[PDB]
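What follows draws every value from the coordinates through simple rules; no lab data is involved. Neighbour counts are summed over all protein chains in view; Cβ atoms, including those assigned to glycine, are modelled from backbone coordinates with ideal geometry.
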Amino acid sequence: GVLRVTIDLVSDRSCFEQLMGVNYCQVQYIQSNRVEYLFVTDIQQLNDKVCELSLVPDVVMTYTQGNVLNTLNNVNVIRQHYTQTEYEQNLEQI
Amino acid sequence: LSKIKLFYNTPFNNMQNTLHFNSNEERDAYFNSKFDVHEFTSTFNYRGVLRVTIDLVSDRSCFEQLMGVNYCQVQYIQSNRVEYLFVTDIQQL
Amino acid sequence: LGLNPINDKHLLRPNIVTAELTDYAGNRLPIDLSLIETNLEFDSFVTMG
Amino acid sequence: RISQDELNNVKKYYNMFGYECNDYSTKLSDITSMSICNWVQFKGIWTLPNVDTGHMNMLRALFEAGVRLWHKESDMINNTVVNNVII
Amino acid sequence: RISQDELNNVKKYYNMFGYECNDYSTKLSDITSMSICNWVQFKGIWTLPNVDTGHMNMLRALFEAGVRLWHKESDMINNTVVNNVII
């Protein structure tokens, strides 16, 4: 982090800042069309017509989907859940 | 004033784990055999913790996205003494 | 014990379940239920006459 | 035994946070192992192929503190955790 | 004995972090002693010939907290530690 997306809305009728339940967003970067999701910390209101979004990227969501995590090696694990097989092995400890 | 070389996707990313060779040439030899995209020349201002302003205008689908860099080398031309650095972050000007 | 045999074996330990023997005459056998691999089987070593 | 509730409160705890572990140097047990969700928490040193150096960090240190990888949306907001299971 | 796994978790621990020591005033045991990697952690006062005064510091205090000097790359990212050994 931590950044900002100046975002404008002038076609309003009963709004101002009040486009409200946003927290999460997406960004498809045009045009490498790689994608990235971010949380939105806050939402400042610059005026009657344009509000500002503070962002921090959901690195987890963004980068970890699929089988990625399971191929990392030589990692010191601290808590996880176990496959039947790996559970039996650790069963005494638990 | 000095000859940079930025290594991609390298294991060297915590200061408590290093690799160790018996002679700095073997160190260097190793490193000089694993590159992945860019390798320029600057004269970077050192004051840690410092910055290397690094330009790329021949792009086609990039911008900032020369990404997996963390480790880099610097052969200072010309005392040709060498020095490796981690790269904390990468800001996009 | 009312545990689920299928995924609860790990709860067989002494803060969750406990086991004691008694003859109601102040002989007792305390059993750390964590130390049975799979089975709570009691035998006896008896002598007589 | 402990009480029906307390029994569940314990069931839940393990369902939500998995198991104390002290395997400096292993590979994570399958992340997709459980049915409802799947805690994972580990410490350097790993690099994911081609990522902002500083998103890694942000990523590293996020797992060192741990991340509950849910497996269905329903569950993310339902009293289901109680029934997590190893397939 | 402790369990097969716990036994290994322990093996690993020593493999990765070596041994508690209290030798104010000695010379380090060979750094190239082990086969897979080789922990080293110690406290002033040492000077390396011809180095930025402030890289020493950064150096000193880096070892005072300890450095795992690995010996082959393969290993830096494989479940090998388990088998570290004194030659």
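With viscosity set to 1.306 mPa s at 10 °C, what whole-number translational diffusion coefficient in µm²/s follows for the protein assembly as shown from Stokes-Einstein and a Kirkwood radius over Cα pairs? Please list the in-between numbers first.
Details: Rh = 26.2 Å.
Rounded, D is 61 µm²/s.
Find the Rg to Rh ratio for chain C, where Rh is the Kirkwood radius over alpha-carbon pairs and Rg uses the same atoms. Display every interim value, and only then the final one.
On the way: Rg = 13.9 Å, Rh = 12.9 Å.
Taking Rh as the inverse mean 1/r over Cα pairs, Rg/Rh reads 1.08.
The angle between the Cα long axis of helix E:4-17 and the main principal axis of chain E comes to about 10°, on a 0 to 90 degree scale.
Averaged over the residues of peptide D:57-63, the number of Cβ atoms from other protein chains lying within 10 Å of each residue's Cβ is 5. What does the charge count around A:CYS25 come to, taking other residues whose C-beta lies under 15 Å from its C-beta (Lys +1, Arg +1, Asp -1, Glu -1)? Charge balance in the 15 Å sphere: -3. Where chain E is carried onto chain D by rotation, the Cβ closest to that axis, with its residue and distance in Å, is E:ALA65, 21.
Where does the charge balance sit around B:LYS34 when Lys and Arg score +1, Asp and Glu -1, over other residues with C-beta under 15 Å from its C-beta? Mind dumping the intermediate values first?
Details: positive: B:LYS5, B:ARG27, E:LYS72; negative: B:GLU26, B:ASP28, B:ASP36, B:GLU39, E:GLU73.
Within the 15 Å Cβ shell, the charges total -2.
How about chain E: which GluC sites (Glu not before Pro) there are in a DSSP loop, with at most 16 other Cβ atoms within 10 Å of their Cβ? Within chain E, the qualifying GluC sites (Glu not before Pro) (loop, at most 16 other Cβ atoms within 10 Å) are E:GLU20, E:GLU64. In order along segment C:33-46, phi translates into HN-Hα couplings of 6, 6, 9, 10, 3, 9, 9, 8, 9, 9, 10, 9, 10, 10 Hz, rounded to whole numbers, per the Karplus curve 6.51 cos²θ - 1.76 cosθ + 1.60 with θ = phi - 60° and x for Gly and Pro.
In nanometers and ordered shortest first, the copy-to-copy spacing of the D:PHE17 label point, defined 7 Å from Cα toward Cβ, is 2.1. Measuring how big chain B is from its alpha-carbon positions, Rg and Dmax come out at 13.7, 42 Å.
Restriction of the trypsin sites (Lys or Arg not before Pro) in segment E:1-58 to DSSP coil positions whose beta-carbon has at most 16 other beta-carbons within 10 angstrom yields E:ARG1, E:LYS27, E:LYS43.
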